[PDB]
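Dropping structure_29.csv in here (CSV, N, CA and C atoms):
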chain,number,residue,atom,x,y,z
E,1,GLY,N,20.5,-1.2,4.8
E,1,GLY,CA,21.6,-2.2,4.8
E,1,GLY,C,21.0,-3.6,4.7
E,2,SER,N,20.7,-4.2,5.8
E,2,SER,CA,20.1,-5.5,5.9
E,2,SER,C,18.8,-5.5,6.7
E,3,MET,N,18.1,-6.7,6.7
E,3,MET,CA,16.8,-6.8,7.5
E,3,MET,C,15.9,-5.7,7.0
E,4,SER,N,15.0,-5.9,6.1
E,4,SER,CA,14.1,-4.9,5.6
E,4,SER,C,13.0,-4.6,6.7
E,5,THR,N,12.8,-5.5,7.6
E,5,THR,CA,11.9,-5.2,8.7
E,5,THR,C,12.2,-3.9,9.5
E,6,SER,N,13.5,-3.5,9.4
E,6,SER,CA,13.9,-2.3,10.1
E,6,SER,C,13.1,-1.1,9.6
E,7,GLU,N,13.4,-0.6,8.4
E,7,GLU,CA,12.7,0.5,7.8
E,7,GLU,C,11.6,0.0,6.9
E,8,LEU,N,10.6,-0.5,7.5
E,8,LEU,CA,9.4,-1.1,6.7
E,8,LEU,C,8.2,-1.2,7.6
E,9,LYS,N,7.1,-0.5,7.3
E,9,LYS,CA,5.9,-0.6,8.2
E,9,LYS,C,4.7,-0.8,7.3
E,10,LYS,N,3.5,-0.6,7.8
E,10,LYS,CA,2.3,-0.7,7.0
E,10,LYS,C,1.7,0.7,6.7
E,11,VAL,N,0.6,0.8,6.1
E,11,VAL,CA,0.0,2.1,5.8
E,11,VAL,C,-1.6,2.0,5.7
E,12,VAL,N,-2.2,3.1,5.9
E,12,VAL,CA,-3.7,3.1,5.8
E,12,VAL,C,-4.2,3.5,4.4
E,13,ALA,N,-5.5,3.5,4.2
E,13,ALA,CA,-6.0,3.9,2.8
E,13,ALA,C,-7.0,5.1,2.9
E,14,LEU,N,-6.8,6.1,2.1
E,14,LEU,CA,-7.7,7.3,2.2
E,14,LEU,C,-8.9,7.1,1.3
E,15,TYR,N,-8.7,7.1,0.0
E,15,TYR,CA,-9.9,6.9,-1.0
E,15,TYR,C,-9.8,5.5,-1.6
E,16,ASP,N,-10.9,5.2,-2.3
E,16,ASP,CA,-10.9,3.8,-2.9
E,16,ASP,C,-10.1,3.7,-4.2
E,17,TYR,N,-9.7,2.6,-4.6
E,17,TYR,CA,-8.8,2.4,-5.8
E,17,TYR,C,-8.7,0.9,-6.1
E,18,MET,N,-9.6,0.5,-7.0
E,18,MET,CA,-9.6,-1.0,-7.4
E,18,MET,C,-8.5,-1.2,-8.5
E,19,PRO,N,-8.2,-2.5,-8.7
E,19,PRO,CA,-7.2,-2.8,-9.7
E,19,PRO,C,-7.7,-2.5,-11.1
E,20,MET,N,-6.8,-2.5,-12.1
E,20,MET,CA,-7.2,-2.3,-13.5
E,20,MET,C,-6.9,-3.5,-14.4
E,21,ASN,N,-5.7,-4.0,-14.2
E,21,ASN,CA,-5.4,-5.3,-15.0
E,21,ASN,C,-4.9,-6.4,-14.1
E,22,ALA,N,-3.9,-6.1,-13.3
E,22,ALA,CA,-3.4,-7.1,-12.3
E,22,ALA,C,-2.4,-6.4,-11.3
E,23,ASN,N,-1.6,-5.5,-11.8
E,23,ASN,CA,-0.6,-4.8,-11.0
E,23,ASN,C,-1.3,-4.1,-9.8
E,24,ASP,N,-2.1,-3.1,-10.2
E,24,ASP,CA,-2.8,-2.3,-9.2
E,24,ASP,C,-3.4,-3.1,-8.0
E,25,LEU,N,-3.2,-2.6,-6.8
E,25,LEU,CA,-3.8,-3.4,-5.7
E,25,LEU,C,-5.2,-2.9,-5.3
E,26,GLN,N,-6.1,-3.7,-4.9
E,26,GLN,CA,-7.5,-3.3,-4.6
E,26,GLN,C,-7.5,-2.5,-3.2
E,27,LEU,N,-7.2,-1.2,-3.3
E,27,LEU,CA,-7.3,-0.4,-2.0
E,27,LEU,C,-8.7,-0.1,-1.7
E,28,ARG,N,-8.9,0.8,-0.7
E,28,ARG,CA,-10.2,1.2,-0.3
E,28,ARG,C,-10.2,2.4,0.6
E,29,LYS,N,-11.2,2.7,1.4
E,29,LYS,CA,-11.2,3.8,2.3
E,29,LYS,C,-11.3,3.4,3.8
E,30,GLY,N,-10.3,3.7,4.6
E,30,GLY,CA,-10.3,3.2,6.0
E,30,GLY,C,-9.5,1.9,6.2
E,31,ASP,N,-9.3,1.2,5.1
E,31,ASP,CA,-8.5,-0.1,5.2
E,31,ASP,C,-7.0,0.2,5.2
E,32,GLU,N,-6.2,-0.7,5.6
E,32,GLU,CA,-4.7,-0.4,5.6
E,32,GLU,C,-4.0,-1.6,4.9
E,33,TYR,N,-2.8,-1.4,4.5
E,33,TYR,CA,-2.1,-2.5,3.7
E,33,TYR,C,-0.7,-2.7,4.3
E,34,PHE,N,0.1,-3.5,3.6
E,34,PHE,CA,1.5,-3.8,4.1
E,34,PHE,C,2.5,-3.3,3.0
E,35,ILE,N,3.4,-2.5,3.4
E,35,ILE,CA,4.4,-2.0,2.4
E,35,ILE,C,5.6,-2.9,2.3
E,36,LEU,N,6.0,-3.2,1.1
E,36,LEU,CA,7.2,-4.1,0.9
E,36,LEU,C,8.4,-3.3,0.2
E,37,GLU,N,8.0,-2.2,-0.5
E,37,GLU,CA,9.1,-1.4,-1.2
E,37,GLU,C,9.0,0.1,-0.7
E,38,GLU,N,9.6,0.9,-1.5
E,38,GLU,CA,9.6,2.4,-1.1
E,38,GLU,C,10.5,3.1,-2.2
E,39,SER,N,10.2,2.7,-3.4
E,39,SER,CA,11.0,3.3,-4.6
E,39,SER,C,10.9,4.8,-4.6
E,40,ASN,N,11.4,5.5,-5.6
E,40,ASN,CA,11.3,7.0,-5.7
E,40,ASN,C,10.0,7.4,-6.3
E,41,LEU,N,9.0,6.6,-6.2
E,41,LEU,CA,7.7,7.1,-6.8
E,41,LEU,C,6.5,6.9,-5.8
E,42,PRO,N,5.4,7.6,-6.0
E,42,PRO,CA,4.2,7.5,-5.1
E,42,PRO,C,3.7,6.1,-5.1
E,43,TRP,N,3.7,5.4,-6.3
E,43,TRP,CA,3.2,4.0,-6.3
E,43,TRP,C,4.2,3.0,-5.8
E,44,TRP,N,3.8,2.2,-4.8
E,44,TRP,CA,4.7,1.3,-4.2
E,44,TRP,C,4.3,-0.2,-4.6
E,45,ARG,N,4.8,-1.1,-3.9
E,45,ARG,CA,4.4,-2.6,-4.1
E,45,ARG,C,3.9,-3.1,-2.8
E,46,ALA,N,2.8,-2.7,-2.3
E,46,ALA,CA,2.3,-3.2,-1.0
E,46,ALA,C,1.2,-4.2,-1.1
E,47,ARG,N,1.0,-5.0,-0.1
E,47,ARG,CA,-0.1,-6.0,-0.2
E,47,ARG,C,-1.3,-5.7,0.7
E,48,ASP,N,-2.4,-6.2,0.5
E,48,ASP,CA,-3.6,-5.9,1.4
E,48,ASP,C,-3.8,-7.0,2.4
E,49,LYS,N,-5.0,-7.2,2.8
E,49,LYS,CA,-5.3,-8.3,3.8
E,49,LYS,C,-5.8,-9.6,3.1
E,50,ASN,N,-5.2,-9.9,1.9
E,50,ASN,CA,-5.7,-11.1,1.2
E,50,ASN,C,-4.4,-11.8,0.6
E,51,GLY,N,-3.3,-11.6,1.2
E,51,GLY,CA,-2.0,-12.2,0.7
E,51,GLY,C,-1.8,-11.9,-0.8
E,52,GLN,N,-2.2,-10.7,-1.2
E,52,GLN,CA,-2.0,-10.3,-2.6
E,52,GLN,C,-1.2,-9.0,-2.7
E,53,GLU,N,-0.3,-8.8,-3.6
E,53,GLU,CA,0.5,-7.6,-3.7
E,53,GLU,C,0.1,-6.8,-5.0
E,54,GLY,N,0.3,-5.5,-4.9
E,54,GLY,CA,-0.1,-4.6,-6.1
E,54,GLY,C,0.5,-3.3,-5.9
E,55,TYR,N,-0.1,-2.2,-6.4
E,55,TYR,CA,0.4,-0.9,-6.3
E,55,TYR,C,-0.4,-0.1,-5.3
E,56,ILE,N,0.3,0.8,-4.6
E,56,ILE,CA,-0.4,1.7,-3.5
E,56,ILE,C,0.1,3.1,-3.6
E,57,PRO,N,-0.7,4.0,-4.2
E,57,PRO,CA,-0.2,5.4,-4.3
E,57,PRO,C,0.1,6.0,-2.9
E,58,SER,N,1.3,6.6,-2.7
E,58,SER,CA,1.7,7.1,-1.4
E,58,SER,C,0.6,8.1,-0.9
E,59,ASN,N,0.2,9.0,-1.8
E,59,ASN,CA,-0.8,10.0,-1.4
E,59,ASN,C,-2.1,9.4,-1.0
E,60,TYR,N,-2.5,8.3,-1.6
E,60,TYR,CA,-3.8,7.6,-1.3
E,60,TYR,C,-3.7,6.9,0.1
E,61,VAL,N,-2.5,6.3,0.4
E,61,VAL,CA,-2.4,5.7,1.7
E,61,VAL,C,-1.6,6.5,2.7
E,62,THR,N,-1.5,6.1,3.9
E,62,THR,CA,-0.7,6.9,5.0
E,62,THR,C,-0.1,5.9,6.0
E,63,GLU,N,-0.3,6.1,7.3
E,63,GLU,CA,0.3,5.2,8.3
E,63,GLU,C,-0.7,4.1,8.7
E,64,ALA,N,-0.3,2.9,8.7
E,64,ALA,CA,-1.3,1.8,9.1
E,64,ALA,C,-2.1,2.2,10.4
E,65,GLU,N,-1.5,2.8,11.3
E,65,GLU,CA,-2.2,3.2,12.6
E,65,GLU,C,-1.7,4.6,13.0
E,66,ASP,N,-2.6,5.3,13.7
E,66,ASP,CA,-2.3,6.7,14.2
E,66,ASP,C,-2.7,6.8,15.6
E,67,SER,N,-1.8,7.0,16.5
E,67,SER,CA,-2.2,7.2,18.0
E,67,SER,C,-2.4,8.6,18.3

Turn this file's structure into structure tokens for me.
Amino acid sequence: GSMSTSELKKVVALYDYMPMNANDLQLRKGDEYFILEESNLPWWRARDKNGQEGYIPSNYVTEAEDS
């Protein structure tokens, strides 16, 4: 409904994945990012720790933190 902060959290990174042209986000292994979308596809539009947004394969990333 409103306030995206409700259903929106961060995610971790499993394998490495550098950008190709500009869309893709520079992921890595052990690092985590910030999710801004959640479309019906594995690739989202999340940003890393550099104020930059790109794509993040759902399978490649997981939960930003795990207790």

Non-local contacts of range 55-62 of chain E (8 Å; only C-alpha atoms; under 5 positions in same chain excluded) as a count of residues only: 16

Pairwise distance for atom C of residue 21 in chain E and atom N of residue 52 in chain E, rounded to one decimal in Å: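 Taking atom C of residue 21 in chain E as the start and atom N of residue 52 in chain E as the end point, the length is 13.9 Å.
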
Interatomic distance, CA of residue 10 in chain E to atom N of residue 39 in chain E (Å, one decimal):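 These atoms are spaced 13.5 Å apart.
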
Atomic separation - CA of residue 20 in chain E relative to CA of residue 4 in chain E, Å: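 Those two atoms sit 28.7 Å apart.
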
Counting only N, CA and C atoms, the residue of E:31, E:18, E:8, E:67 that sits nearest residue 48 in chain E: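 Counting only N, CA and C atoms, the residue closest to residue 48 in chain E is E:31.
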
Nearby residues (all atoms listed in the file) at most 8 Å from residue 9 in chain E, same-chain spacing under 2 positions excluded, as a list in words: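 Result of the neighbour search: residues 4, 5, 6, 7, 11, 33, 34, 35, 36, 63 and 64 of chain E.
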
DSSP-assigned strand (DSSP E) among chain E, expressed as a count of residues only: 10

Output range 35-50 of chain E as an mmCIF file, keeping the file's coordinate frame, making sure N, CA, C and O atoms are there.
data_model
loop_
_atom_site.group_PDB
_atom_site.id
_atom_site.type_symbol
_atom_site.label_atom_id
_atom_site.label_comp_id
_atom_site.auth_asym_id
_atom_site.auth_seq_id
_atom_site.Cartn_x
_atom_site.Cartn_y
_atom_site.Cartn_z
ATOM 1 N N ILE E 35 3.400 -2.500 3.400
ATOM 2 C CA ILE E 35 4.400 -2.000 2.400
ATOM 3 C C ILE E 35 5.600 -2.900 2.300
ATOM 4 O O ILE E 35 6.218 -3.265 3.289
ATOM 5 N N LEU E 36 6.000 -3.200 1.100
ATOM 6 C CA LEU E 36 7.200 -4.100 0.900
ATOM 7 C C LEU E 36 8.400 -3.300 0.200
ATOM 8 O O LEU E 36 9.518 -3.644 0.318
ATOM 9 N N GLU E 37 8.000 -2.200 -0.500
ATOM 10 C CA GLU E 37 9.100 -1.400 -1.200
ATOM 11 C C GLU E 37 9.000 0.100 -0.700
ATOM 12 O O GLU E 37 8.437 0.372 0.309
ATOM 13 N N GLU E 38 9.600 0.900 -1.500
ATOM 14 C CA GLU E 38 9.600 2.400 -1.100
ATOM 15 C C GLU E 38 10.500 3.100 -2.200
ATOM 16 O O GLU E 38 11.294 3.924 -1.923
ATOM 17 N N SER E 39 10.200 2.700 -3.400
ATOM 18 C CA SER E 39 11.000 3.300 -4.600
ATOM 19 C C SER E 39 10.900 4.800 -4.600
ATOM 20 O O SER E 39 10.407 5.438 -3.628
ATOM 21 N N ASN E 40 11.400 5.500 -5.600
ATOM 22 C CA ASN E 40 11.300 7.000 -5.700
ATOM 23 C C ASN E 40 10.000 7.400 -6.300
ATOM 24 O O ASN E 40 9.965 8.505 -6.853
ATOM 25 N N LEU E 41 9.000 6.600 -6.200
ATOM 26 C CA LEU E 41 7.700 7.100 -6.800
ATOM 27 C C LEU E 41 6.500 6.900 -5.800
ATOM 28 O O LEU E 41 6.600 6.078 -4.928
ATOM 29 N N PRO E 42 5.400 7.600 -6.000
ATOM 30 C CA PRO E 42 4.200 7.500 -5.100
ATOM 31 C C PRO E 42 3.700 6.100 -5.100
ATOM 32 O O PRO E 42 3.246 5.567 -4.125
ATOM 33 N N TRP E 43 3.700 5.400 -6.300
ATOM 34 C CA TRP E 43 3.200 4.000 -6.300
ATOM 35 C C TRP E 43 4.200 3.000 -5.800
ATOM 36 O O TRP E 43 5.304 2.977 -6.257
ATOM 37 N N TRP E 44 3.800 2.200 -4.800
ATOM 38 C CA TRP E 44 4.700 1.300 -4.200
ATOM 39 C C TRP E 44 4.300 -0.200 -4.600
ATOM 40 O O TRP E 44 3.507 -0.364 -5.516
ATOM 41 N N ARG E 45 4.800 -1.100 -3.900
ATOM 42 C CA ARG E 45 4.400 -2.600 -4.100
ATOM 43 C C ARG E 45 3.900 -3.100 -2.800
ATOM 44 O O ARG E 45 4.652 -3.890 -2.164
ATOM 45 N N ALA E 46 2.800 -2.700 -2.300
ATOM 46 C CA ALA E 46 2.300 -3.200 -1.000
ATOM 47 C C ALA E 46 1.200 -4.200 -1.100
ATOM 48 O O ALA E 46 0.510 -4.232 -2.145
ATOM 49 N N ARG E 47 1.000 -5.000 -0.100
ATOM 50 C CA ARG E 47 -0.100 -6.000 -0.200
ATOM 51 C C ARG E 47 -1.300 -5.700 0.700
ATOM 52 O O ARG E 47 -1.110 -4.898 1.661
ATOM 53 N N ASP E 48 -2.400 -6.200 0.500
ATOM 54 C CA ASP E 48 -3.600 -5.900 1.400
ATOM 55 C C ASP E 48 -3.800 -7.000 2.400
ATOM 56 O O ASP E 48 -2.870 -7.712 2.742
ATOM 57 N N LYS E 49 -5.000 -7.200 2.800
ATOM 58 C CA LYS E 49 -5.300 -8.300 3.800
ATOM 59 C C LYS E 49 -5.800 -9.600 3.100
ATOM 60 O O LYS E 49 -6.607 -10.302 3.608
ATOM 61 N N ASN E 50 -5.200 -9.900 1.900
ATOM 62 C CA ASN E 50 -5.700 -11.100 1.200
ATOM 63 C C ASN E 50 -4.400 -11.800 0.600
ATOM 64 O O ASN E 50 -4.544 -12.579 -0.310
#
